[PDB]
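Visitor: Sending over a structure as structure tokens; questions will come in a sec.
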Amino acid sequence: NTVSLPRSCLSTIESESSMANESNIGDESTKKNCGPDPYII
Amino acid sequence: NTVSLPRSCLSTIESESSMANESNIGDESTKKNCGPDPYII
Amino acid sequence: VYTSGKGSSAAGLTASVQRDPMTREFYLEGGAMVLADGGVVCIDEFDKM
Amino acid sequence: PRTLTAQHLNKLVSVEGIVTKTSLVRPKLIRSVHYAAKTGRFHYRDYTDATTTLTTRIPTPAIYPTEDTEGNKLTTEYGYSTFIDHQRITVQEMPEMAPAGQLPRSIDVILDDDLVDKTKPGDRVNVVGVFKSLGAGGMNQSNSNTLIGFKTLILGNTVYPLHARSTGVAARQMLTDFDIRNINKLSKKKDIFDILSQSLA
């Protein structure tokens, strides 16, 4: 009201919840990386 | 018989078929990028 | 619309059909006779056309 | 097409105009079927894209399979696969309604399967569908360019040809039993030719 969609997922910097910290890791040692330009409209 | 899993998807360099060229693009202008370390065992 | 026979400079006297420069399709290019629909058309030198 | 704006997006509309150009009717691959010689088994895969559903979905770009899960080669079975017809058309503002001296406006309509060849260029048509946007208007990645916007079109579901004067679409009227009775009755009189003649103009 040049806006662009975020380059990275915003669920890491945004510490939404305590269980959100759990949800951002799983299946042993592998880190969570959504990728480049993960958002859709 | 240090081997590592491929860093990139191998479906592009491997020109498997003529329809495989079609399958590697879709939904308008967006390019196809599988991401880093896309393979699982 | 006030015009003569043979129309005006770069303006015809009757409906003209032309193709769109970019889309390459039909539209009414002009023409005093349709431009003045619902009004009056003033023709001078009616004997030359 | 002139009075269709960005405030009608995602809503069901009905547009009128003139067909200007159609497209070649092409098949679209939906399900492929294959065969393995070393095992004697048949496999298959499904494919989808963004225009086959009204709601947005997460893409699943599956590849065309040439091998088996065990490395064996595959053979395509063109007779057992599935293809669907596809066409794209353009609709413009009617010549008898557009303002004089002004360049016209038009909109694209996409049709599928059983509505694929229901009109020809030059017809007066009425199309009812959903006015929808697609993709990202240069938002993903940097895409410094700002001139382009969001691609938009109509996912049609109803196409109606309309009859006009001095056009190639013929008029037809549905005949009811009352009409048939009255016609077959009037057929039995003796001055029928005279009555029908005196009615003209």
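To be explicit about the labels: the chains of the structure tokens are called A, B, and onward in the order shown, and within each one the residues are counted from 1, while ligands get numbers from 1 in the order they are shown.
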Show which residues sit within 10 Å of residue D:32, as a tab-separated table (two decimals) with N, CA, C and O atoms, in the first residue's frame. Count only C-alpha atoms, and ignore same-chain residues fewer than 3 positions away.
Guide:
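Just written: out21.tsv:
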chain	number	residue	atom	x	y	z
D	29	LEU	N	-0.90	-35.35	-22.02
D	29	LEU	CA	-0.61	-36.64	-21.41
D	29	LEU	C	-0.97	-36.60	-19.93
D	29	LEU	O	-0.50	-35.73	-19.19
D	43	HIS	N	3.67	-50.84	-15.32
D	43	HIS	CA	3.72	-49.73	-14.38
D	43	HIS	C	3.03	-48.52	-15.00
D	43	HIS	O	2.64	-48.53	-16.17
D	44	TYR	N	2.87	-47.47	-14.20
D	44	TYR	CA	2.20	-46.27	-14.68
D	44	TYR	C	2.59	-45.09	-13.80
D	44	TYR	O	3.18	-45.24	-12.73
D	45	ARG	N	2.25	-43.89	-14.28
D	45	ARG	CA	2.47	-42.65	-13.55
D	45	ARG	C	1.37	-41.66	-13.92
D	45	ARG	O	0.79	-41.74	-15.01
D	46	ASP	N	1.09	-40.73	-13.02
D	46	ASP	CA	0.10	-39.69	-13.23
D	46	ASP	C	0.78	-38.33	-13.29
D	46	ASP	O	1.83	-38.11	-12.69
D	47	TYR	N	0.16	-37.40	-14.02
D	47	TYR	CA	0.69	-36.05	-14.18
D	47	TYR	C	-0.43	-35.04	-14.01
D	47	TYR	O	-1.59	-35.30	-14.33
D	64	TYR	N	9.38	-38.37	-16.25
D	64	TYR	CA	8.93	-39.46	-17.12
D	64	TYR	C	9.82	-40.68	-16.90
D	64	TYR	O	11.04	-40.59	-17.08
D	65	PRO	N	9.26	-41.83	-16.54
D	65	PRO	CA	10.10	-42.97	-16.14
D	65	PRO	C	10.60	-43.75	-17.35
D	65	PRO	O	9.83	-44.13	-18.23
D	76	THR	N	7.32	-48.11	-23.64
D	76	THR	CA	6.10	-47.32	-23.60
D	76	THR	C	4.97	-48.04	-24.32
D	76	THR	O	5.16	-48.64	-25.38
D	77	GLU	N	3.77	-47.96	-23.74
D	77	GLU	CA	2.56	-48.56	-24.30
D	77	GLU	C	1.61	-47.43	-24.66
D	77	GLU	O	0.76	-47.03	-23.85
D	78	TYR	N	1.74	-46.92	-25.88
D	78	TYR	CA	0.98	-45.74	-26.29
D	78	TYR	C	-0.52	-46.02	-26.33
D	78	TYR	O	-1.32	-45.10	-26.12
D	79	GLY	N	-0.92	-47.27	-26.59
D	79	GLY	CA	-2.33	-47.59	-26.65
D	79	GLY	C	-3.00	-47.66	-25.30
D	79	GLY	O	-4.22	-47.50	-25.22
D	80	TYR	N	-2.23	-47.89	-24.23
D	80	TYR	CA	-2.78	-48.00	-22.89
D	80	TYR	C	-2.61	-46.73	-22.07
D	80	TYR	O	-3.14	-46.66	-20.95
D	81	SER	N	-1.89	-45.73	-22.58
D	81	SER	CA	-1.80	-44.44	-21.92
D	81	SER	C	-3.08	-43.64	-22.16
D	81	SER	O	-3.99	-44.07	-22.88
D	82	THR	N	-3.15	-42.46	-21.56
D	82	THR	CA	-4.34	-41.61	-21.63
D	82	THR	C	-3.94	-40.21	-22.06
D	82	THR	O	-2.98	-39.64	-21.54
D	83	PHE	N	-4.69	-39.65	-23.01
D	83	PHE	CA	-4.51	-38.28	-23.47
D	83	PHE	C	-5.85	-37.56	-23.48
D	83	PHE	O	-6.89	-38.17	-23.71
Visitor: Output the contact residues of chain A with respect to chain B at a cut-off of 9 Å, based on only C-alpha atoms, as a list in words.
Guide: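 Here they are: residues 34, 35 and 36 of chain A.
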Visitor: For residue B:24, which residue among D:157, D:60, D:133, D:142 is the nearest when counting only C-alpha atoms?
Guide: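 Of the candidates, the smallest distance to residue B:24 is held by D:60.
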Visitor: As a VMD selection string, please: all residues of stretch 4-49 of chain C that backbone DSSP puts in strand (DSSP E).
Guide: chain C and resid 4 16 to 19 26 to 30 42 to 44
Visitor: Residues of the last selection are to be written out with C-alpha atoms, as a PDB file, in the first residue's frame.
Guide:
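Dumped everything to out17.pdb:
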ATOM      1  CA  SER C   4     -16.408  17.613 -47.433  1.00  0.00           C
ATOM      2  CA  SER C  16     -13.020   2.115 -42.512  1.00  0.00           C
ATOM      3  CA  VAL C  17     -11.850  -1.297 -41.284  1.00  0.00           C
ATOM      4  CA  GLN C  18      -8.175  -1.769 -40.396  1.00  0.00           C
ATOM      5  CA  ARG C  19      -6.042  -4.355 -38.617  1.00  0.00           C
ATOM      6  CA  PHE C  26      -9.910  -5.913 -36.982  1.00  0.00           C
ATOM      7  CA  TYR C  27     -11.373  -2.721 -35.534  1.00  0.00           C
ATOM      8  CA  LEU C  28     -13.180   0.370 -36.806  1.00  0.00           C
ATOM      9  CA  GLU C  29     -10.343   2.708 -37.762  1.00  0.00           C
ATOM     10  CA  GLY C  30     -12.648   5.719 -38.060  1.00  0.00           C
ATOM     11  CA  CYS C  42     -22.256  18.547 -42.566  1.00  0.00           C
ATOM     12  CA  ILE C  43     -21.064  17.791 -46.108  1.00  0.00           C
ATOM     13  CA  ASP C  44     -19.552  20.473 -48.345  1.00  0.00           C
TER      14      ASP C  44
END
Visitor: Identify all chain D residues at most 8 Å from chain A by counting only C-alpha atoms; ligands do not count. Present them as a VMD selection string.
Guide: chain D and resid 135 to 136 139 to 142 144 146
Visitor: Find the residues in chain D near chain C: any atom within 10 Å counts, using only C-alpha atoms. Write them as a ChimeraX atom specification.
Guide: /D:20-21,92-96,98-106
Visitor: Rounded to one decimal, what separation in Å do you get between atom CA of residue D:127 and atom CA of residue D:54?
Guide: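 Atom-to-atom, atom CA of residue D:127 to atom CA of residue D:54, that is 17.3 Å.
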Visitor: Going by DSSP on the backbone, which bits of chain A are alpha helix (DSSP H)? Write them as a PyMOL selection string, please.
Guide: chain A and resi 18-23
Visitor: Would you mind exporting the chosen residues as a short mmCIF file (atom, residue, chain, number, x, y, z; two decimals), in the first residue's frame, restricted to N, CA, C and O atoms?
Guide:
data_model
loop_
_atom_site.label_atom_id
_atom_site.label_comp_id
_atom_site.auth_asym_id
_atom_site.auth_seq_id
_atom_site.Cartn_x
_atom_site.Cartn_y
_atom_site.Cartn_z
N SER A 18 7.58 -23.15 21.66
CA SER A 18 8.59 -24.08 22.17
C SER A 18 8.56 -25.40 21.40
O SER A 18 9.61 -25.97 21.11
N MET A 19 7.36 -25.88 21.06
CA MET A 19 7.26 -27.06 20.21
C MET A 19 7.62 -26.75 18.77
O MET A 19 7.96 -27.66 18.01
N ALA A 20 7.55 -25.47 18.37
CA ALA A 20 8.03 -25.10 17.04
C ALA A 20 9.53 -25.33 16.91
O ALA A 20 10.02 -25.59 15.81
N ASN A 21 10.26 -25.23 18.02
CA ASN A 21 11.68 -25.58 18.00
C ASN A 21 11.87 -27.07 17.76
O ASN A 21 12.79 -27.48 17.04
N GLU A 22 11.01 -27.90 18.37
CA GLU A 22 11.07 -29.34 18.11
C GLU A 22 10.74 -29.65 16.66
O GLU A 22 11.42 -30.47 16.02
N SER A 23 9.70 -29.02 16.12
CA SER A 23 9.25 -29.34 14.77
C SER A 23 10.27 -28.98 13.71
O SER A 23 10.22 -29.53 12.60
#
Visitor: Any idea what the distance is between atom CA of residue D:176 and atom CA of residue D:201?
Guide: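 Interatomic distance here is 25.8 Å.
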Visitor: Quick one: distance from atom CA of residue D:27 to atom CA of residue D:162 in Å, one decimal?
Guide: 28.0 Å
